[PDB]
């Protein structure tokens, strides 16, 4: 049998977009209220409250009404001005990409760059900051998803705080799937969204903003105002007694409401545990069948996405095509400099359950073997299962 390209797949195991929780999809279907209906004004305020609780924030997170690339661009546009010297940390596609937005808003850019299967070394950060007292803003990506790797942002954030600089963190693909919060890494801007680990569709940004960041953005004549790119316009919009700068994405807010309830009710620690276990089982299976995890070391591999290095000679695009056509299972490609180099299996929200690692391993292995590899698929499944069975 073959799955037609025009027909829906059986299991989507991608790293974004991802399958949304069924409850979230039903939440999207709630009656759409007028945004100034008192019932919606209250709901919106309470959604911000839920986000604050989930993010362990001392102040209100800002919800912006576009998917998190908006948050990233708006952060650069608002916080970075030409007086700033920015240190951008790049260990992958998103990290490198952020530097382009930094350069748009200040001509002064320093970077620490590592190959796209590595993590930023905190020692290198400490040394760079010491050598460059002029640095005023530092940007970092927590989980640089197209590589399936994690940066040590809490240690980095403490170094940056000691230096006296502002920290911008991209935690879009880590928040809700592992332990991370704005406070944990002394973030001044912490950008995330519900469209990865939290199991909602793309459309909203959740942004932690420090008091110091608020003061810097509000002072900056170049910060966007009366714009889609404005953070400052949205400062007070959480309040049931305040207007919205422009019309909020009402149905997405209904989805976010549900997604936050699911996360908070399950227990964040429990949610992080099943992401990590699914990922751990995946990696064990990958290695046992004869493939290589992309990450330079297991220690930096993400608990919310496994990137699998394409064996030299295998056509990675054809591989993903074969996994869907043969088994109905959909994986993510790489992106930018990781495109063609690896395949990504998301372990996010509803797919952060260890049984999905078993499904992913079988489709990935079967597709590899169809491309002429000689993987020990059974051995792979048994190693993944041993991880599941060993979990304490």
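Positions refer to the first chain, counted from 1.
**Student:** Between 202 to 210 and 236 to 244, which has the higher average C-alpha B-factor in the PDB entry?
**Tutor:** 236 to 244 has the higher mean C-alpha B-factor.
**Student:** Per the entry, which of 133, 194, 157, 148 tops the list for Cα B factor?
**Tutor:** Comparing C-alpha B-factors across 133, 194, 157, 148, the maximum falls on 133.
**Student:** In terms of CA temperature factor as recorded, identify the highest of 303, 92, 255, 313.
**Tutor:** It is 313.
**Student:** What third of the chain does residue 231 rank in for C-alpha temperature factor, lowest, middle or highest?
**Tutor:** Lowest third, going by the recorded CA B-factors of the chain.
**Student:** Lowest, middle or highest third of the chain for the C-alpha temperature factor of residue 59?
**Tutor:** Highest third of the chain for residue 59's C-alpha B-factor.
**Student:** In terms of the CA temperature factor given in the entry, to which third of its chain does residue 46 belong: lowest, middle or highest?
**Tutor:** It belongs to the middle third of the chain when residues are ordered by C-alpha B-factor.
**Student:** Among the chain's modelled residues, which third holds the C-alpha B-factor of residue 383?
**Tutor:** Ranked within chain, residue 383 CA B lands in the highest tercile.
**Student:** Residue 15: which third of its chain by C-alpha temperature factor?
**Tutor:** As the PDB entry reports it, the C-alpha B-factor of residue 15 lands in the middle third of its chain.
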